[PDB]
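Numbers and lists here come from the model and the stated rules, or from a named source; none is laboratory data. FYI the Cβ positions are ideal-geometry reconstructions off the backbone, even for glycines, and counts take in every protein chain you see.
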Amino acid sequence: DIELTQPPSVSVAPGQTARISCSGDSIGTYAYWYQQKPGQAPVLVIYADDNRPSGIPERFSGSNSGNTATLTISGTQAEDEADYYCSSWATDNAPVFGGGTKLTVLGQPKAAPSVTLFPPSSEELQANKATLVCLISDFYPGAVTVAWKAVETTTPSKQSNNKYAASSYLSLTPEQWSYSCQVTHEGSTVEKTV
Amino acid sequence: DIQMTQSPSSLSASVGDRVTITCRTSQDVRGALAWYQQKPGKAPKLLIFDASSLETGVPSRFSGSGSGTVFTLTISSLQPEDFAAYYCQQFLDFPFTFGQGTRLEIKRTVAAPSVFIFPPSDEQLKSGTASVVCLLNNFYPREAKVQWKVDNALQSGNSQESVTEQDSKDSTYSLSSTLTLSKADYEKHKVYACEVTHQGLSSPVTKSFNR
Amino acid sequence: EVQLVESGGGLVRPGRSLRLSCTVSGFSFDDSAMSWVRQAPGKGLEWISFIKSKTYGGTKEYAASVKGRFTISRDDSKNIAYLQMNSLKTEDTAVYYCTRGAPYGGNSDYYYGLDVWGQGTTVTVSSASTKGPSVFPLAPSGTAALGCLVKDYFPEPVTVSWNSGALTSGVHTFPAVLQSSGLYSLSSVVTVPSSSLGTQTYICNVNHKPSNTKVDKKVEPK
Amino acid sequence: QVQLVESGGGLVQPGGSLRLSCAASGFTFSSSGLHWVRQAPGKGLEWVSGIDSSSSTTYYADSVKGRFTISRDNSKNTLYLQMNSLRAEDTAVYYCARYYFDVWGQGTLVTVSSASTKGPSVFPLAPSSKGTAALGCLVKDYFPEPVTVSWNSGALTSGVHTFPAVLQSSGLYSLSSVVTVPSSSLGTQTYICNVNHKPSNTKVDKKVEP
């Protein structure tokens, strides 16, 4: 069965509600919601339709109707940010899992990430190797889209200064080695020429 | 679903005898019945589990038997304790339906009731609602029939019947019938009477009131 | 020991939502299944809803009579079980019990019984308001019948006293009857010797607690 | 409490064999079935295998059907998943969860990578533009890291941001370390890049000049 459709990312201001939808193709049953702090095992926050297990604060409330389920996080806290997955049980008695949503709480002021270009190296040119290095630093929130204009891009990682950072590596042959890198953090598009 | 019939609803017994209560099922529950006892006006209690197995807190007088479709409770000696209502519940597949229920009543000698005819209320005559009250005190067995006959014609659909529980002293019953008649209905009729059919009564004794 | 209490029971007009809470203490709430059983006054027991524990997914499911109107939820952190009813009807006037479905073994999906029951709360669905009791004398027309008729009792439980509480033997208080209009009807029966009927001052005391109204009536021969 | 611990996972060659074991404490194993959930890196959870409480039936995800078998050793309170003929993208962290997903274990890392210990190539990347400039070295084909990259043999500690490693499609991790320094100090500061490849036990020294 197709995975349950979920929004990729959701942005909510601190101390203000969060709404995540889990509309799917015939869930037909109750939808469970799971929380995953990065580097930690997922935990259950909402089971059946709107039940809450022990150890979960009251801020987590849920609903289910028709073919859509919703997690209402009233007054989200900054420490709460994680990935929220919705799961359900299909007719074939086989579990189905959703894509997931990231709670990007705007704890820090929004800023435009800084992008540094990187042309080919002399050793790579002598070795017949090309690598286009695009380093996007000081990104906020941690969600950036990297595009190459004439490619493996690492997932966003938290920086030591609390600013999201990412790197985009593009491989080109020595014969094929202008090249442009496009960065889109939040609406605005940043282009670097190399 | 699963239909659940308990037989008979009214079972009469004396103190210290043996009582059988049968719960019959539609499909085969595979020995997953639960028997409950409810004392009047109080929370029900778990009496018999997994058909035969006895639950903790119940003395040995209570036992269960049978499997598949027929299930029975056998009580060795009936104490004053345990004269209450009994229910059976199924636990094979959802939904956990309850039976009709069986009521245990203390056996007593057949005593006919006393017919008392309460005339229409003088204060309620001008209120707008006129009622006729028929009272039967000390009546045994619980089943009794009261017919509200107005002007020699039986009246139906305008009567409310109430029954008093078994008295803790004599083990009797009381029955009250209220006939609802408007002012026009009260004036239109001529002779109002109630006919009581009881096992003790040889013939239907009717008491009439004159408007 | 294991204690189950309930609240949220009161008078509600048809078609209005009401939420009952089952506070659980004395045993673990996470791994026990909770079921709600209702008893209409006079009628038999009826099973309303069942929700499994967290270990088994908490699959809520109800009887055919309340499907689409009753939703059951539970919170383990505050060990409380919720029952919410929308489109409430007059047939639902009953006493609701909170029951704990004990597993077969220590923990299993096969449930063998409802072990511990709460005391229960009264849920009344009606349209009428709080109306004071109406006292109608029933004069005695061996043992004579003297009684008072209680009519138009609204949203209540009432107390009847014979001889200001002096006469305790021979006092038969009939069960309440739901009148067509929406009020309750009650009857009191006093059996006394015919000679003593004209001597003792038969005084009936009726107290309607919800309305804070006290009514006294005198039964004398007509 | 109900606790689950899984182990037995490690880096294996493509097509190899792997057995993952779940240890269960606090709840009766025979009462509830157990699920296997895999977390591909850079992505959400995916259901892998399931077993009923009584081992009556076994549910398998279609993407893994015919390759994974799951047995519940009820005697020793353990759950086993056997993997054969693994493909490349099956790399993930496998989670062991109770039926209806109430409790999740820490998870075991399973890596399917044909790459072996390969030394990095310190290709210099100096700042070709320009008050401040960013320069550093790129470590290509590092297998498997964590590769310690230092500037000036640890002399420089401010302005050096180490980007996270990238798992390229070639199967070799790539790393890029960039040091932000003033433009006036480009011709004076000694740009030295030292790479210590712990998995390969190789210490590579590189020099960065304008």
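Figures for the structure shown
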{"item": "Selection count where residues are under 15 Å from D:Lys198 (Cα atoms) and not in a loop (DSSP other than H, G, I, E, B), scope the range D:162-186", "result": "3"}
{"item": "Sole exception among (1) surrounded by fewer than 18 Cβ atoms within 10 Å (Cβ to Cβ); (2) farther than 30 Å from A:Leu132 by Cα; (3) among the aliphatic types (A, V, I, L, M); (4) more than 17 Å from the chain's Cα centre (by Cα) for A:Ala111, by number", "result": "(2)"}
{"item": "Residue check, D:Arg87 surrounded by 14 or more Cβ atoms within 10 Å (Cβ to Cβ) and of a type in the set (D, E, K, R)", "result": "no"}
{"item": "3 or more residues over 30 Å from A:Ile46 (Cβ atoms): qualifying strands (runs of 3 or more DSSP E) within the range D:52-144", "result": "D:68-73, D:78-84, D:121-125, D:132-142"}
{"item": "Options B:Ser63, B:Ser12, B:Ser67: the member that is more than 12 Å from chain C (Cβ to nearest Cβ), out of contact with any helix residue (DSSP H, G or I) (no Cβ under 6 Å at 6 or more places or on another chain) and assigned to a loop (DSSP other than H, G, I, E, B)", "result": "B:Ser67"}
{"item": "Selection count, the range A:154-191, where residues are over 26 Å from A:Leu106 (Cβ atoms) and of a type outside the set (A, V, I, L, M, F, W, C)", "result": "9"}
{"item": "Total residues in the range C:57-100, condition farther than 21 Å from C:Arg16 by Cβ and out of contact with any strand residue (DSSP E or B) (no Cβ under 8 Å at 6 or more places or on another chain)", "result": "2"}
{"item": "C:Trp36 outside any loop (DSSP other than H, G, I, E, B), at the interface with another protein chain (Cβ under 9 Å from one of its Cβ atoms) and on the phi < 0 side of the Ramachandran plot", "result": "no"}
{"item": "Residue match in the range B:77-88 (condition: in contact with a strand residue (DSSP E or B) (Cβ under 6 Å, 6 or more places away or on another chain), of a type outside the set (A, V, I, L, M) and not in a strand (DSSP E or B))", "result": "yes"}
{"item": "One residue from C:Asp76, C:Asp92 being in the same structural domain as C:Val2 (by CATH) and more than 26 Å from the chain's Cα centre (by Cα)", "result": "C:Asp76"}
{"item": "Selection within the range D:1-22 - outside any strand (DSSP E or B) and β-branched (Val, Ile, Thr)", "result": "D:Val2"}
{"item": "So C:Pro140, is it more than 30 Å from C:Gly8 (Cα to Cα), surrounded by 18 or more Cβ atoms within 10 Å (Cβ to Cβ) and not hydrophobic (A, V, I, L, M, F, W, C)", "result": "yes"}
{"item": "Single match in C:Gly68, C:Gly15, C:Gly26, C:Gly58 (criterion: at positive phi and within 14 Å of chain D (Cβ to nearest Cβ))", "result": "C:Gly58"}
{"item": "Residue selected from the range A:26-40 under the condition crowded, with 19+ Cβ neighbours inside 10 Å and within 18 Å of the chain's Cα centre (by Cα), by the criterion farthest from C:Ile51 (Cα to Cα)", "result": "A:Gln36"}
{"item": "Scan of the range A:124-153 for residues that are over 16 Å from A:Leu106 (Cβ atoms) and assigned to a loop (DSSP other than H, G, I, E, B), ordered by number", "result": "A:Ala127, A:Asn128, A:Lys129, A:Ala150, A:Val151"}
{"item": "Among (1) over 16 Å from the mean Cα position of the chain (by Cα); (2) surrounded by fewer than 18 Cβ atoms within 10 Å (Cβ to Cβ); (3) within 15 Å of A:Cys181 (Cβ to Cβ), the one test that A:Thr116 misses", "result": "(2)"}
{"item": "Cross-chain or 6+ apart pairs with Cβ under 7 Å, the range B:114-134 first and within 15 Å of B:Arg211 (Cα to Cα) and facing another protein chain (nearest Cβ under 7 Å), then surrounded by fewer than 18 Cβ atoms within 10 Å (Cβ to Cβ) and of a type in the set (S, T, N, Q)", "result": "B:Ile117/C:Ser141; B:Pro119/C:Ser141"}
{"item": "Hits in the range B:163-179 (condition: surrounded by fewer than 19 Cβ atoms within 10 Å (Cβ to Cβ) and not in a loop (DSSP other than H, G, I, E, B))", "result": "B:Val163"}
{"item": "Selection status of C:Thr159, out of contact with any helix residue (DSSP H, G or I) (no Cβ under 7 Å at 6 or more places or on another chain), outside any strand (DSSP E or B) and more than 8 Å from chain B (Cβ to nearest Cβ)", "result": "no"}
{"item": "Failed criterion for A:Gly187 (all others in (1) outside any loop (DSSP other than H, G, I, E, B); (2) away from chain D (no Cβ under 14 Å) hold)", "result": "(1)"}
{"item": "Failed condition for A:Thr193, given (1) closer than 25 Å to D:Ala40 by Cβ; (2) within 14 Å of another protein chain (Cβ to nearest Cβ)", "result": "(1)"}
{"item": "In the range A:12-26, residue nearest to the other protein chains (Cβ to nearest Cβ) [restricted to those that are small (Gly, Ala, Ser) and part of a loop (DSSP other than H, G, I, E, B)]", "result": "A:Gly24"}
{"item": "Single unsatisfied condition, D:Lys203 versus (1) in a loop (DSSP other than H, G, I, E, B); (2) more than 21 Å from A:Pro120 (Cβ to Cβ)", "result": "(1)"}
{"item": "Where a residue in the range B:35-54 is at the interface with chain C (Cβ under 7 Å from one of its Cβ atoms) and closer than 14 Å to B:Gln89 by Cα and its partner, wherever it lies, is acidic (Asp, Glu) and in a loop (DSSP other than H, G, I, E, B), with Cβ under 7 Å and at least six apart", "result": "B:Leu46/B:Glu55; B:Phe49/B:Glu55"}
{"item": "Complete set of residues in the range A:42-63 that are surrounded by 20 or more Cβ atoms within 10 Å (Cβ to Cβ) and more than 8 Å from chain C (Cβ to nearest Cβ)", "result": "A:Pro42, A:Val45, A:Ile46, A:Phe60, A:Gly62"}
{"item": "Strands (runs of 3 or more DSSP E) enclosed by the range A:72-123 - at least 1 residues per element that are touching a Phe, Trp or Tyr at 6+ places or on another chain (Cβ under 6 Å) and assigned by TED's automatic domain parsing to the domain that holds A:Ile27", "result": "A:83-89, A:95-97, A:101-105"}
{"item": "Where C:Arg19 falls short, out of the listed (1) buried (at least 20 other Cβ atoms within 10 Å of the Cβ); (2) in contact with a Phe, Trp or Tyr (Cβ under 8 Å, 6 or more places away or on another chain)", "result": "(1)"}
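Residues are listed down the side, and each one gets a yes or a no for (1) part of a strand (DSSP E or B); (2) among the acidic types (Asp, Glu); (3) buried (at least 19 other Cβ atoms within 10 Å of the Cβ):
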| site | (1), (2), (3) |
| --- | --- |
| B:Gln100 | no, no, no |
| B:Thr109 | no, no, no |
| B:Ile117 | yes, no, no |
| B:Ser127 | no, no, no |
| B:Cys134 | yes, no, yes |
| B:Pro141 | no, no, no |
| B:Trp148 | yes, no, yes |
| B:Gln160 | yes, no, no |
